[PDB]
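Asker: Return atomic coordinates for the entry below.
(8 chains, ligands or ions: 6)
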Amino acid sequence: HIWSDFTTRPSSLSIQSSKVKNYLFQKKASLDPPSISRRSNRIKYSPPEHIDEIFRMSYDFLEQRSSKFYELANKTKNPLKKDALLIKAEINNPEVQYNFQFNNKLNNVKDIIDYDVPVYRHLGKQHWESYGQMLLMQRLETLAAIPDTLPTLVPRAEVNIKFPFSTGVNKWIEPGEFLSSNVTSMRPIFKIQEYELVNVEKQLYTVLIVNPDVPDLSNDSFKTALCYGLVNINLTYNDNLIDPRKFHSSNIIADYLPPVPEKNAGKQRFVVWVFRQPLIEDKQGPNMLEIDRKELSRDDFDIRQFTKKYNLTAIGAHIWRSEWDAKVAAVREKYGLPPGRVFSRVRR
Amino acid sequence: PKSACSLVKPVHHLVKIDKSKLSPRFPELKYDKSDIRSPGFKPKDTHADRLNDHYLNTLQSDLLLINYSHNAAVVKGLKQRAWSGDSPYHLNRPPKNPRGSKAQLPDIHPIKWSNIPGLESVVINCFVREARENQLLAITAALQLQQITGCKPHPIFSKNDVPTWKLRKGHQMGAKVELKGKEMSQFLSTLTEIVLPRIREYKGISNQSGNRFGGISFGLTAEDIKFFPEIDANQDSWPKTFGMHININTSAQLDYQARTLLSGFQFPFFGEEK
Amino acid sequence: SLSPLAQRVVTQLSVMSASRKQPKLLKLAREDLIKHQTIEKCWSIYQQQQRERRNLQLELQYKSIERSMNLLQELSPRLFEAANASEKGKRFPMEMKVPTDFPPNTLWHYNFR
Amino acid sequence: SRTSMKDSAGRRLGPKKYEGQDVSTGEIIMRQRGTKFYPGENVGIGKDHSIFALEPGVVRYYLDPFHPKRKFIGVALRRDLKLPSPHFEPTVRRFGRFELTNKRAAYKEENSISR
Amino acid sequence: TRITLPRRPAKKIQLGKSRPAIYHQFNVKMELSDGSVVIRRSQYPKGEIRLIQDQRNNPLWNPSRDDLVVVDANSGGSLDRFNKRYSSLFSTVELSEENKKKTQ
Amino acid sequence: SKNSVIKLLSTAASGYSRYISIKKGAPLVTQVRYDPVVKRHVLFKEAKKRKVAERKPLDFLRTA
RNA sequence: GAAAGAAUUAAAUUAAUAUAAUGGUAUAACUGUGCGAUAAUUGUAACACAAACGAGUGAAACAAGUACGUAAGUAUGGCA
RNA sequence: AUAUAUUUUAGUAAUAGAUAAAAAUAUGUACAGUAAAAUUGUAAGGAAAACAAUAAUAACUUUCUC
Ligand SMILES: [Mg+2]
Ligand SMILES: [Mg+2]
Ligand SMILES: [Mg+2]
Ligand SMILES: [Mg+2]
Ligand SMILES: [Mg+2]
Ligand SMILES: [Mg+2]
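Answerer: Numbering: from 1, shown residues only, chains lettered A, B, ... in the order given. Ligands and ions are numbered 1, 2, ... in the order given. Let me share the structure:
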């Protein structure tokens, strides 16, 4: 009975509600489902017949298998194999499945879904790959964010963004969404959830928001501008919400300037890229890097050259879109930017 | 429409996109048909299956031993021939047809522990030619199939226009059904145990029957269909009954292996084999 | 206005149809859904183990066949050719019947021919 | 008898704009029955499968590895650009518009909005 | 000249709402000629049935057995009356009396 | 010959109309299209009264 | 060693295309399906092809409104 | 088990699959798939009715197992 043990197993591998635990592990069909709040509906409900003893036997079978997996995990040495065996051991646990399926996975509570645990990390990876990653890749491809900015993307982390300071309402921005100048006036906050084995004590991350659509009349084309940039940021599996609480001015290589499109200048795309820095060995402590701020262009940016020079690998991305409206002038005045240009209605 | 020009734009990533997951529409079709949350859910394993258990317990080993051939090798089938490059006109010339056939034929691998023959499906064909004048006989035939087998019948509709037979096109001439697993096991068991023994003069199945790559077909008449339990129980509701063809599709690489397998399932054979 | 044959076939196709015969959709609580998921995972794993045990037994049997064939080939070619002779026309005995779920009156027959 | 002297005048099909030639928006590059030449980039295709440039540039005939057994006609935004452009390289785009330096024009455009 | 019953407007069964077909069946017991019994699924409301002629009493399926009696339906037709009508002659005397004809 | 002409008139009392052909016995035509006078999509019905063919209503709530 | 996926390769446009013949079409333009029946709408149409004229053909872009789509977008009748 | 008042069931009707080359909606959009001949068989069935079978798995995943 290893699943009943919690000496070394994290406490999150159990259903924190006594009622639901007792109902799920009940001996006779005398209790009632806590999910059904109204008694009336509880009396109406009728569970499938002959379901608790088959459940007990299936539990015993799966638990024996998990015990064997734990036995082999306690002896494996390679961290990757250790993590894989832990996942295989706890994947089939009804309590883990309950917790993940029916509790929040984005604003997770450490005592229900702990991303320090391999099984929860793996289930979260699967959930993200099911819906979130596909939508992200579709939006990037269709809006042409990949080739314009960076050659490709192999998603390995979930990136969510929000604009809490601007207005006061709470909303995670859907990728490719159109946002008002008022909405995107102040600053974005990020949430970078990692699902792979990464050394939290050594790894550092950078985040760059760029706009590859700012018009350039010298050659009658577009160019890229570095809207926002942070370097030397450390995350954790359960504490990975980047905000002005979790970084200093030394991490800021380019303070945030808002989306300020020009009239008839087209729909501009603001793309967020998250990179992880190199991970040098034989050295203690995070490997911080200094950005050449007298070389950083900030208005004629070259992201491919930047990442090549600093040996960065992208692991996540996001995107939103902006276009002119009435509040752009107010934002320009508030940020001390020159009055906006006005371009023709026809593309000739 | 400005144009009719299909063209798929290339992508810049290796992530496979399935739009059925990005569309909020059809929430209940996102579940697999095996998922208890799917309205298409139907319990599969409700009871043990005598025929399958017998085949797994006894016939697999015997068939392996019987079909063993020492140091055997794959026999490649008739494939499309290639033009020798002795003439420039052969550069982009499509390949030639197989020597004796207009269609390519499969290769035959030696029987090994992983590819022992076994039953994969059964299909029953009921084409009531007299339904050309009466469309209700098709419904009766479908009910006959449903009662005999227990699966949902599927209608058969005329496709060709033959005047001599007075067969038009687009009319319902009968019904078909495909059986797998326990249901086909039951159908074959009841056939062998009840119906075939009750035929007047039954010697078995012809040894020169079946498509040359595994699969045995044989027919039954109306009087033969009358022997099934459901029809005999309520003769009153069966003034007329229809015959049907029965096609047993197996995993056999060749026909004689399938014949041995069916003989194991107790299907007699009488004719001289090819 | 319909014929009695029409009524008979309409009844037959009523037996066909699903109208006014299916029960309500099966809606299960979250806890029972999890229970069912565990049941199915257990059964799937179990059937996979059974299948693999059978496959391993057949692998071992085939290895035995080939080892025996090699030995017999090198020991006596006559017996090896007799063994390797094909059984293309082989059929199973007609009383090697599929097991039933309750035995017959005469369990075994002690006389033949 | 019944004399056979009925025929239709030759449809003036064929390439109407040759490789290396400079083209403007809307100009017809090819007239064809069906798609013997598919459209590449910076070019569109009409009802009768007429290829026409969507941007000013230079006409190039080429073949694309992504679409074997398919000829393509497209428009390069500069002479010095090979048209089967690298896949993982940012797309070349033409802004096209011009800034309204005139105060009155800028005012009108600023105050013009949709219905 | 053909007879068909009219088609009514088919009810639309939406995508995802299409359920499977589970016809009502009974766990019926089926007795063969011998004492053996097989459980099967049947749609007829008859939980029990026995067979008089079946696999277990057919020469083709039963070659090894020496003796095998055959039988048909009872209380139907004029079967067995060709014997019930003649009681004076009864079963080996006839076999002996059928020795030869002595005709040429 | 086999096809006749019809004047569809807009529902908004603006006087706008558009003309279309139709078969001799086709069901009465009505269609939503742009009405420049009111600057929106509005309904267009027949102007005159036409001899339309009679088609049986469908057996929908089961009869007899 | 074995299952279930994802699919890849060869071949195929000979079937099918509302209708002749030709060109095109599997990446489908062919076929099935859910919404829908909407773009088989409105005011300017550059520029080309073709061209004696008169006519004909493709169509970018601006503006008004619709239907479908998660989105990208598609639709100003029908593969030509 | 009888008697009545009220109510419920029975109008008994095909697709149960995003169906896919039997017949039916010839214009829009979104999702998805691949035909045809020929060969081998199969109650009536034959040249010709309807069903079934007919190219290759090296590489990549998840699972089970030695
Ligand atoms: Mg001509
Ligand atoms: Mg057409
Ligand atoms: Mg053609
Ligand atoms: Mg000219
Ligand atoms: Mg002119
Ligand atoms: Mg079309």
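
Asker: Next, the buried residues of the longest helix along chain B.
Answerer: For chain B, the longest helix by residue count, based on DSSP state H, is helix B:136-149. With burial defined by 16 or more other CB atoms under 10 Å in any protein chain shown, the residues of helix B:136-149 counted as buried are B:136-149. For the C-beta atoms, the positions are set from N, CA and C on the backbone; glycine is no exception.

Asker: can you tell me the residue of the stretch 151-274 of chain B closest to chain F?
Answerer: residue B:172 (19.3 Å; CB to the nearest CB).

Asker: what sits against residue A:84?
Answerer: Contacts for residue A:84 (CB atoms under 8 Å, 6 or more residues apart in numbering or on different chains) come out as residue A:118.

Asker: State whether it is indeed within a helix.
Answerer: Yes: counting by DSSP: H, G, I helix; E, B strand; the rest coil, residue A:84 is found in a helix.

Asker: ok, back up a step: establish whether the longest helix of chain B and chain E are in contact.
Answerer: Yes: for helix B:136-149 and chain E, the contact criterion (CB under 8 Å from any CB of the partner chain) is met by B:136, B:146-147.

Asker: thought residue D:78 was touching residue D:56?
Answerer: No: with contact defined as CB atoms under 8 Å, residue D:78 does not count as touching residue D:56 (10.3 Å).

Asker: how close does the nearest residue to residue B:233 once chain neighbours are set aside get to residue E:28?
Answerer: In space, and not counting its chain neighbours, residue B:233 is closest to residue E:44: 4.6 Å by CB to CB, 6 or more residues apart in numbering or on different chains. The gap separating residue E:44 from residue E:28 is 7 Å, by CB to CB, to the nearest Å.

Asker: Now the common contact residues for those two.
Answerer: residue B:229.

Asker: between those two, who's got more neighbours?
Answerer: Shown here are residue E:44 and residue E:28; by other CB atoms under 10 Å in any protein chain shown, residue E:28 has more neighbours (19 against 16).

Asker: what about residue C:91, neighbour count?
Answerer: For residue C:91, the count of nearby residues is 16 (other CB under 10 Å).

Asker: Mind giving me the packing neighbours of the longest helix of chain B?
Answerer: Applying 3 or more CB pairs under 8 Å, 6 or more residues apart in numbering or on different chains; DSSP states H and E, we find helix B:136-149 packed against strand B:119-127, strand B:154-157, strand B:172-179, helix B:182-190, helix B:229-233, helix C:4-16.

Asker: what do you get if the cut-off is 7 Å, keeping everything else the same?
Answerer: Helix B:136-149 sits against strand B:119-127, strand B:172-179, helix C:4-16, with contacts defined as 3 or more CB pairs under 7 Å, 6 or more residues apart in numbering or on different chains; DSSP states H and E.

Asker: Please put the alpha-carbon coordinates of it into PDB.
Answerer: Output of helix B:136-149 as PDB, limited to C-alpha atoms (Å, rounded to 0.1, in the frame of the first residue of the first chain):
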ATOM      1  CA  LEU B 136     -40.800  -3.800 -48.400                       C
ATOM      2  CA  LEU B 137     -38.900  -7.100 -48.900                       C
ATOM      3  CA  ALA B 138     -35.800  -5.000 -48.300                       C
ATOM      4  CA  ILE B 139     -37.100  -4.100 -44.800                       C
ATOM      5  CA  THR B 140     -38.000  -7.800 -44.200                       C
ATOM      6  CA  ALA B 141     -34.500  -8.800 -45.200                       C
ATOM      7  CA  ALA B 142     -33.000  -6.300 -42.900                       C
ATOM      8  CA  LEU B 143     -35.100  -7.600 -40.000                       C
ATOM      9  CA  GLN B 144     -34.000 -11.100 -40.900                       C
ATOM     10  CA  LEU B 145     -30.300 -10.000 -40.600                       C
ATOM     11  CA  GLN B 146     -31.000  -8.100 -37.400                       C
ATOM     12  CA  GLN B 147     -32.600 -11.100 -35.700                       C
ATOM     13  CA  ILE B 148     -30.000 -13.600 -36.900                       C
ATOM     14  CA  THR B 149     -27.000 -11.500 -36.000                       C
END
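
Asker: could you check the distance from the residue lying closest to the residue of the stretch 151-274 of chain B closest to chain F once chain neighbours are set aside over to residue B:47?
Answerer: Take residue B:172 and drop its neighbours on the chain: the residue closest to it by CB to CB, 6+ apart is residue B:138, 4.3 Å away. Using CB to CB, we find residue B:138 at a distance of 32 Å from residue B:47.

Asker: hang on, the earlier thing: is it possible to get the buried residues of helix B:136-149 out as CSV so that each row also shows distance to RNA strand H?
Answerer: Putting the buried residues of helix B:136-149 into CSV (distance: CB to the nearest atom of the strand, whole Å) gives the following:
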residue, distance to RNA strand H
B:136, 8
B:137, 10
B:138, 7
B:139, 6
B:140, 11
B:141, 8
B:142, 8
B:143, 11
B:144, 10
B:145, 11
B:146, 10
B:147, 15
B:148, 13
B:149, 13
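
Asker: Those residues into CSV, with extra columns for distance to residue B:190?
Answerer: CSV is the format used below for those (distance: CB to CB, whole Å):
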residue, distance to residue B:190
B:136, 27
B:137, 24
B:138, 24
B:139, 23
B:140, 20
B:141, 19
B:142, 19
B:143, 17
B:144, 14
B:145, 14
B:146, 14
B:147, 12
B:148, 8
B:149, 9
